[PDB]
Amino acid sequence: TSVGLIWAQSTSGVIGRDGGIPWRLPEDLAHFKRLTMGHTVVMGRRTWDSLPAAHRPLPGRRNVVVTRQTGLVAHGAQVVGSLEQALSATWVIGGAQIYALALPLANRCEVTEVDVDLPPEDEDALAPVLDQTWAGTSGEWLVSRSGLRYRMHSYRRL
């Protein structure tokens, strides 16, 4: 199947801190739900842990959790020991370690950029860096109901 990555980052590249996402952006949650609904969503074990309880597993999607643990069970989800096992449309939904594993297999990235100043600090989860072999285009800067500015980028591998 075609593999896409989807993530939201601060301009500095931070995607996660302290076991969660360091902003609220309802329009990004709607974007994420819309693009992933009905598809397989592949995530690292720490991202599974980070889902708020009311949203775990993510409804309407085949949830696949990647772990090195034996006998990890994730209620309502499928558990695999490698990205290759996860990939047999598929969306990789994070976090930083699973993005790095999936990027060589992906042909599409959908990125939300959040206009917040979050200097990377120890133990932050960071977004993957796309090189110039990714074609990209950007939507407009928009003001979120949360107060923050954001915009969506779409990338396709050449």
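When you see a residue number, it is the position in the sequence shown, counting from 1. The term rigid core refers to the maximal set of C-alpha atoms that superpose within 1.5 Å between the two forms.
K.L.:
So which moves more in 5 other deposited structures of this protein by CA, 96-104 or 114-122, given a superposition on the core?
P.N.:
Evaluated in 5 other deposited structures of this protein, the stretch farther from the shown form is 114-122.
K.L.:
Taking RMS over all structures and residues, which stretch has CA atoms farther from the shown form in 5 other deposited structures of this protein, 138-146 or 5-13, after a rigid core fit?
P.N.:
Stretch with the higher C-alpha RMS distance in 5 other deposited structures of this protein: 138-146.
K.L.:
Mean CA B-factor: is it higher for 27-35 or for 103-111?
P.N.:
Higher mean C-alpha B-factor: 103-111.
K.L.:
Would you tell me which stretch averages the higher CA B-factor in the PDB entry, 63-71 or 39-47?
P.N.:
Looking at the record's C-alpha B-factors, the answer is 63-71.
K.L.:
Based on the entry's values, in what third of the chain does the Cα temperature factor of residue 6 lie: lowest, middle or highest?
P.N.:
Its C-alpha B-factor, which the entry lists for residue 6, ranks in the lowest third among residues of this chain.
K.L.:
Just say lowest, middle or highest third for the CA B-factor of residue 125 relative to the other modelled residues in its chain.
P.N.:
Residue 125: CA B-factor falls in the lowest third of its chain.
K.L.:
With respect to C-alpha B-factor, does residue 93 fall in the lowest, middle or highest third of the chain as deposited?
P.N.:
Lowest third of the chain for residue 93's C-alpha B-factor.
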